[PDB]
Amino acid sequence: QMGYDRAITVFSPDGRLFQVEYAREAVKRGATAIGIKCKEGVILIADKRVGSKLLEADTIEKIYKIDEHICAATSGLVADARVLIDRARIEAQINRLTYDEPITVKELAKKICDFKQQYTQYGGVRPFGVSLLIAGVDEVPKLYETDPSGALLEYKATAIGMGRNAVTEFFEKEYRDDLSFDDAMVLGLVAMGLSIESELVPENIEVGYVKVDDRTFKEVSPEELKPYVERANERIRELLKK
Amino acid sequence: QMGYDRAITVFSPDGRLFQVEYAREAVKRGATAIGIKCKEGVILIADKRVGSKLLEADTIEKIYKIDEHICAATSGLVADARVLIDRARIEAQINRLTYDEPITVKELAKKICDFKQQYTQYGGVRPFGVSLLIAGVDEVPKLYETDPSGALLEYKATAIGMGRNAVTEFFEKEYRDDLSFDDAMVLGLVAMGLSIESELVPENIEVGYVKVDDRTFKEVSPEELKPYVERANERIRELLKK
Amino acid sequence: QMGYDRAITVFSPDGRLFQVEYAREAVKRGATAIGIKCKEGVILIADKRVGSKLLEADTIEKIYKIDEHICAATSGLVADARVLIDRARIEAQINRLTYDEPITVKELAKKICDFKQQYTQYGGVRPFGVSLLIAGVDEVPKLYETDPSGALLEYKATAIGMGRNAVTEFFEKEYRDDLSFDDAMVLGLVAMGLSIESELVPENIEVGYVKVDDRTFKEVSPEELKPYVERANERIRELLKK
Amino acid sequence: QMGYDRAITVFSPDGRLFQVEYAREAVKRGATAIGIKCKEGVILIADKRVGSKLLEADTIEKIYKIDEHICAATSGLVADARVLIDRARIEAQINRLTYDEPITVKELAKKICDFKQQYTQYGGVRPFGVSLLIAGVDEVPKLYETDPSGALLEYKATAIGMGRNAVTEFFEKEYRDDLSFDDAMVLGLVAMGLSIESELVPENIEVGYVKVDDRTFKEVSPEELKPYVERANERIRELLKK
Amino acid sequence: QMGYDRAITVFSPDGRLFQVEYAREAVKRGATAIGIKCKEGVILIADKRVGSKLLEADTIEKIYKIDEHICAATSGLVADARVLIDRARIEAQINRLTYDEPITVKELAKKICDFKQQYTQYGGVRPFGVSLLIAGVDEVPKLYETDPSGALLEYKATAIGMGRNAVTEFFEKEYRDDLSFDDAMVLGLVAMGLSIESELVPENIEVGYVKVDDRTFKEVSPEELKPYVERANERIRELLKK
Amino acid sequence: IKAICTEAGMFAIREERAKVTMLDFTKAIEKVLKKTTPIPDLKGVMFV
Amino acid sequence: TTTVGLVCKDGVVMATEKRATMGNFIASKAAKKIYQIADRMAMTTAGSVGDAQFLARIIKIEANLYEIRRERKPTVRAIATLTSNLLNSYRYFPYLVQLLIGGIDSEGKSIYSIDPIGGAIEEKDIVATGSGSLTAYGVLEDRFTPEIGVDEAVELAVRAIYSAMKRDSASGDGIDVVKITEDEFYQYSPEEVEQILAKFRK
Amino acid sequence: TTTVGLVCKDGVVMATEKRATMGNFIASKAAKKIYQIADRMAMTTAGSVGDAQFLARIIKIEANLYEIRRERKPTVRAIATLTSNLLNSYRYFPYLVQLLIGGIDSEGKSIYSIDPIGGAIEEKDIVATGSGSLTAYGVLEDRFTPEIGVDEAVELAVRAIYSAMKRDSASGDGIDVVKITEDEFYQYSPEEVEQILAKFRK
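Residue numbers (the authors' numbering), protein chains in the order written: chain E, 5 to 246; chain F, 5 to 246; chain G, 5 to 246; chain A, 5 to 246; chain B, 5 to 246; chain L, 351 to 398; chain 1, 12 to 213; chain 7, 12 to 213.
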């Protein structure tokens with residue numbers, strides 16, 4: 005309702021803030037990004053689908069590296085992402101500066117939601133309106149959704165973007181705490197194909213992953229996506245026969 | 005109220021500040037958290053229940069360590085609360101710096117009230133939309149409640165949040181001052197059982213406490229949790245047969 | 005509607021800053037406190053009825069030490085009291101540093117009045133909606149009332165808050181300037197009963213005083229306040245029959 | 005509408021600022037004060053009668069010593085008075101700091117006037133709704149009145165406050181430049197006496213002056229005050245036959 | 005109606021600032037002030053019929069000294085005038101300070117125009133509603149008008165204040181450029197008398213003037229005014245007849 | 351004033367009397383007014 | 012340079028050199044180093060001339076300002092603290108001057124020394140400070156009782172500056188004696204003091 | 012300058028010597044170096060007089076402030092750490108003073124010793140501090156009893172200082188002793204202490 009969404013400083017009568025709710029509407033408006041955690045790693049997949057064949061196939065870019073074992077992928081305003089992830093990188097380096105330790109996904113998530121909240125509090129600044137799914141390996145795989153609100157929540161597997169609801173109803177049935185690494189990234193391709201409702205090629209998705217066993221962030225090539233891409237497709241076709 | 009609720013700089017003709025009253029409603033949007041003081045220690049029970057089975061139940065958590073003998077719980081924004089409690093760690097530490105003394109729970113409550121009050125005065129900024137429960141032992145048990153305005157109320161059996169209305173009702177009738185640590189522990193699990201209106205299990209709830217004999221903070225491992233809930237369940241069933 | 009109570013900077017046509025009479029009403033709705041000035045000392049009596057018994061029955065505080073010779077009692081937001089008292093206590097301690105002199109009740113009054121008038125004058129920050137009673141003995145007994153706008157009014161006897169009106173008429177008749185310490189105290193306790201429309205209990209009143217010959221602040225302890233109450237209940241009952 | 009009056013940064017269509025125009029009437033709402041000039045010095049009289057039995061008969065004060073040889077009266081808000089006269093006094097003593105010379109009566113009122121001019125142009129702050137009368141002898145007596153705008157008018161006898169309308173009519177006939185100190189003092193008391201419609205009492209009115217022989221501020225105890233009040237009162241009885 | 009007079013930051017689609025044109029009409033509710041330039045000096049004539057008999061003879065008294073060859077009259081807010089007239093003295097003595105040159109009138113007027121434009125461009129503040137006549141003899145006699153806007157205009161006879169429209173017309177007929185000091189001085193007195201609708205006497209004007217030869221400000225004495233008044237009244241009498 | 355006198359008249363009727371007494375009028379001032387604008391709300395919490 | 016102070020029963024009496032010499036240079040033979048702070052407060056400065064004046068003026072300004080804000084006479088104890096606070100805060104502008112503040116107030120009689128490095132100490136009823144102090148303490152204490160009148164005090168005060176002057180080659184023959192008797196604030200000034208020491212011959 | 016301290020089982024007794032001497036130059040008649048911080052807390056300084064006087068007033072004022080805050084009198088430790096932080100903040104104003112901050116609290120009796128680079132350190136025995144300290148330890152340490160009252164600590168605290176005075180010509184005479192019996196804040200004052208050292212000589 006009007007006048008409880010004309011400021012970010014104005015709490016509504018209900019205790020809700022309709023501005024902040026409208027910044028979450030911004031996150032659903034965008035493109036999808038799905039995060040999947042398994043015990044051997046946490047695999048992060050993001051839509052690389054373009055508006056035209058006039059755009060370079062890789063549009064810069066949907067999965068950033070933040071630390072050496074920490075990545076995030078994006079849904080919501082791509083504008084806000086530029087500054088928000090830049091800030092995130094400087095912070096992951098700052099902890100390496102001042103303790104000589106790789107930052108933990110809690111504490112990187114924490115800095116970034118605290119930074120968010122400060123600009124939700126002020127009425128002279130409007131907050132970032134993008135949600136990132138920050139993934140990395142600390143002592144165990146971790147997967148976090150940083151919300152445009154300034155809230156963190158840890159997930160076993162998740163989604164954001166336009167395909168969010170579809171991939172929450174999907175993982176409720178399928179997701180189990182036994183999933184393999186390879187079957188995890190595949191399960192997230194299946195998810196991804198459901199959201200857009202079209203089949204996948206390695207030219208309209210981008211997968212990176214975080215391995216425990218390497219303890220490092222790695223970026224999966226299209227060439228090395230190809231087997232996983234076919235496998236997932238058999239299942240994507242079956243969901244669109246339902 | 006209709007044009008005197010579009011900022012915080014206003015006072016209404018009621019003498020009330022409706023922008024601060026809307027911030028208090030923000031607190032009831034979030035879940036209940038309950039504290040009890042008994043004569044042997046003070047008890048903090050937080051709701052940790054997940055809204056989907058794809059979350060991980062260790063980030064909707066309320067309990068935060070603030071000093072080696074002061075913890076606190078929260079209701080309100082998640083976002084605001086994490087910044088509010090990172091401040092309360094810094095204030096507590098800052099007292100140890102200049103005096104070499106851990107902060108009295110009474111003093112710590114007075115400091116963070118005063119911090120929250122500057123966010124209420126300024127028109128460049130909205131208050132913290134949170135209430136706290138600060139539970140500690142300085143020398144003897146203390147339990148205090150912050151309001152989102154930065155006001156200070158001493159309590160002795162208390163709650164905040166949605167289930168607050170029912171927990172008040174519950175401790176009106178049941179709660180007496182002749183209760184032990186164990187006997188007060190069970191009553192707070194029963195007060196959580198009333199408010200969610202179902203049976204508990206110890207993976208949706210978390211207990212922290214401060215005792216006077218140990219004069220420390222501890223956190224109740226899941227292992228030490230099961231018997232308290234098993235007793236509570238006996239009595240939560242009776243209120244679901246009223 | 006008005007638009008003159010939109011902000012402080014806006015006067016009404018009536019030659020009134022409409023928003024500071026609304027900060028004034030903020031005082032009225034809160035619980036009451038009475039200062040009673042005699043020549044044998046000053047008496048300060050203030051609320052502890054507040055909440056039920058789920059609260060501490062020794063909930064803290066309306067009776068703030070400012071110095072060891074000056075005390076104050078409050079009505080209005082006790083958020084705004086908590087910060088205003090912090091500033092008052094520090095303001096007084098500065099005088100002692102740079103002059104090695106106890107500050108006088110009156111000189112103290114001017115400095116806090118000046119502090120309140122800073123937020124009153126500025127438009128980007130709301131005034132305080134709290135009143136202050138400052139009662140002390142500096143070298144004669146003295147009593148002021150500090151208004152939310154930073155105004156100074158000296159009283160013979162005063163109350164503020166909810167019960168103000170009942171007190172005004174009551175003291176209009178009986179109060180004399182030549183009262184005893186014993187008399188004035190018992191009488192203001194008679195008056196405090198009427199204000200809340202019930203008998204006293206020493207758990208529902210906190211009472212302080214500054215004596216002429218002691219030059220010190222002391223708070224009267226619940227059972228040392230009990231014989232005074234006991235002779236005061238007689239009168240309160242007599243007057244509530246009618 | 006009309007006004008164009010919700011800010012000072014917006015002129016009304018009439019070429020006025022309504023904001024300043026409502027603040028000039030906020031003086032009239034305030035307590036009366038009366039100025040009268042003679043050639044043996046200039047007497048400044050201020051109403052100290054405000055309240056009734058609930059308020060002390062000495063309410064501060066309202067006729068403040070600004071310098072050693074300068075005093076001023078106040079009308080308008082009690083609250084605004086408190087801060088303005090703090091600055092005024094500072095400035096008066098600052099002139100001697102930097103020059104070692106008596107500040108001119110004309111120039112001290114100017115530098116009071118400049119502070120409020122400041123508050124007429126910045127929008128972030130409201131102008132003070134207060135009028136000081138500036139009375140002294142630089143070496144010939146001078147009487148000025150300061151206005152909520154920061155406007156400066158040289159007077160020779162004046163009233164301000166409640167008595168604004170009354171005393172002007174009264175001085176049309178009565179006033180002259182060859183009244184003696186005693187005839188003029190007495191004429192000042194009658195004039196307040198019409199304002200309030202009542203006979204005066206020396207116990208609830210405060211009178212100060214700067215004479216020409218002394219050139220030093222003095223103040224009239226209520227004991228000294230009696231004979232003047234007596235001579236005054238006869239004429240006040242004459243007024244209140246009509 | 006429109007937001008265009010409701011801000012000072014908004015140009016109308018008429019390409020006019022109405023705030024500046026209502027600052028414009030702040031000057032016209034000031035009492036008349038007239039300037040006459042002759043080749044033999046430059047002459048500022050200003051009302052001093054302002055106020056009652058309860059107001060001094062020398063009550064404002066507009067023709068304030070700015071430098072040792074520069075005087076300036078004012079019309080508008082008497083408040084805002086004092087600061088511009090003060091800033092005029094400093095800027096002039098700055099010219100004396102940084103160069104050791106007599107203050108060019110032209111450059112002083114330029115420097116007031118830039119100072120007044122800081123308050124025009126910025127919207128958090130408001131531009132003074134005063135028109136000054138900057139006149140003096142730097143090397144040849146000059147007379148300008150500086151506007152509320154802070155715009156430079158050269159005049160050789162002008163008027164400002166409520167008398168303006170009458171005096172513009174009077175000089176369009178009468179004014180000449182083959183003009184002697186005595187005649188000029190007589191002529192502008194003629195013009196003042198039309199404004200006030202009434203005959204002059206040397207007690208209801210102040211006239212300052214800046215000679216070429218002398219190159220200094222001097223006020224004309226009442227006794228010295230008198231012959232100029234007498235000569236001038238001849239034409240006043242004729243032209244206020246039909 | 352017409353409404354006060356009619357409303358006061360309603361109390362007199364109830365109590366079975368022809369005359370209107372002092373009590374009935376003050377009861378009518380309270381009655382009429384109460385139903386037109388309210389009195390409850392509130393005390394802190396935070397305003398205490 | 013030296014200054015003395017002693018507490019009389021009915022007054023307080025202090026003293027200054029009114030001619031100050033350092034080397035073969037004399038700045039003024041009517042140089043103030045004696046300061047009237049308020050009506051019955053005085054300050055006497057030993058140490059540097061110029062910093063004396065500059066600090067000393069501000070302390071006058073304070074005496075008035077406080078008296079106006081409190082509606083009462085200022086105390087000795089206020090101003091005694093104050094000088095020292097001012098001095099510690101402006102050690103980026105340090106004033107290297109040794110003050111003696113004393114006088115009469117509601118509190119009663121007392122004489123404080125303020126060090127050129129800050130800080131406000133109280134002397135019981137005697138004080139000297141400066142180059143000539145070491146001798147002077149004994150000079151005063153010989154005839155100091157607490158019931159010595161104002162007249163004998165001024166005599167007594169001179170004898171301490173008199174003691175200093177002969178030892179050193181660079182002290183002044185000008186002298187000011189200050190009396191503070193709660194009824195007058197009299198400044199005896201070089202002439203009047205002079206003949207007190209023409210009893211002492213030289 | 013020298014100050015001595017010993018930790019008793021019934022209080023804290025610390026002692027100071029007033030009068031600050033360069034070599035034969037004293038700056039005033041007496042010079043406070045004993046500060047009452049609260050009825051159970053003391054500060055005894057050896058160092059400069061002015062620097063100590065400046066800092067002491069401050070410390071007193073924030074002690075009162077902390078009392079109100081916690082509603083709970085400050086600890087010996089808290090004052091010590093407050094003091095370390097105040098001295099390091101103002102290490103841009105040249106203040107070189109060695110402090111002994113001591114008293115009674117709920118954790119016992121203790122004295123914590125401060126140097127002007129920071130630091131507070133535990134002593135529950137003997138502590139002595141200054142330019143006379145080494146000689147002072149000879150007396151204190153041997154004749155230490157941890158079964159010593161506050162009443163045999165005064166007899167001892169004199170004797171330690173007296174001995175230091177006779178082995179330094181930069182100490183004066185002005186021996187004060189302060190005693191904190193847990194019921195008051197007693198200051199013996201110069202006179203009484205002078206008599207204890209008369210029966211420790213002729």
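All C-beta atoms in this analysis are idealised placements derived from N, C-alpha and C, irrespective of residue type, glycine included.
By the rule that beta-carbons nearer than 9 Å mark a contact, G133 (chain F) touches chain E.
Contact between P106 (chain F) and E72 (chain F) holds: their C-beta atoms lie close to 7 Å from each other, under 8 Å. Three or more pairs of CB atoms, one per stretch, sit closer than 8 Å, so the region 73-93 of chain G contacts the region 134-144 of chain G. For a Cβ distance threshold of 9 Å, residue set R33, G34, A35, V54, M166 of chain G lies close to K393 (chain L), ordered along the chain. Listed in chain order, the beta strand (DSSP E) runs fully inside the region 35-83 of chain G are 37-41, 45-51, 67-69, 74-80, counting runs of at least 3 residues. For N75 (chain 1), at least one C-beta of chain A is nearer than 9 Å to its own C-beta. About 5 Å separates the beta carbons of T13 (chain 1) and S142 (chain 1), which is inside the 8 Å limit, making them a contact pair. For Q109 (chain 1), no alpha helix (DSSP H) run applies; the uninterrupted beta strand (DSSP E) run containing it begins and ends at 108-115, by DSSP. Straight through space, the alpha carbons of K177 (chain E) and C42 (chain E) are spaced by roughly 16 Å.
Close partners of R219 (chain G) in chain 7 (Cβ separation under 7 Å) are lacking, with about 15 Å as the shortest Cβ gap. For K32 (chain A) and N99 (chain 1), the gap between their C-alpha atoms comes out near 48 Å. In terms of Cβ geometry, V194 (chain F) and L243 (chain F) form a close pair [threshold 9 Å]. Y103 (chain 7) carries a coil assignment under DSSP once its states are collapsed to helix, strand and coil.
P127 (chain 7) sits in a strand when the DSSP states are folded into three classes. Contact annotation for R100 (chain A) against chain 1: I72 [CB-CB distance below 7 Å, chain order]. Annotated three-state conformation of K230 (chain F) is helix, per DSSP.
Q121 (chain E) reaches chain F at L81, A83, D84, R86, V87, counting residues in chain order whose Cβ is nearer than 9 Å. Cβ-Cβ distances below 8 Å link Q64 (chain 7) to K43 in the same chain, with the five nearest sequence neighbours on each side left out; the list follows chain order.
One thing to note: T140 (chain 7) has its Cβ within 9 Å of the Cβ of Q109 (chain 7).
Each of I70 (chain 1), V204 (chain 1), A91 (chain 1), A181 (chain 1) was checked against the Cα of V188 (chain 1), and the nearest Cα belongs to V204 (chain 1).
With a 10 Å radius around the Cβ and a threshold of 16 neighbouring Cβ atoms, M33 (chain 1) comes out exposed. The contact set of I94 (chain G) on chain 7, defined by CB atoms closer than 8 Å, consists of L76 in chain order. Proximity of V382 (chain L) to chain G, defined by a Cβ-Cβ separation below 9 Å, is not satisfied. When Cβ-Cβ separations below 9 Å define contact, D9 (chain A) makes contact with chain G.
Per the coordinates, the alpha-carbon of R102 (chain 1) lies some 12 Å from the alpha-carbon of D62 (chain 7).
Assigned with DSSP and collapsed to three states, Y213 (chain B) falls in strand.
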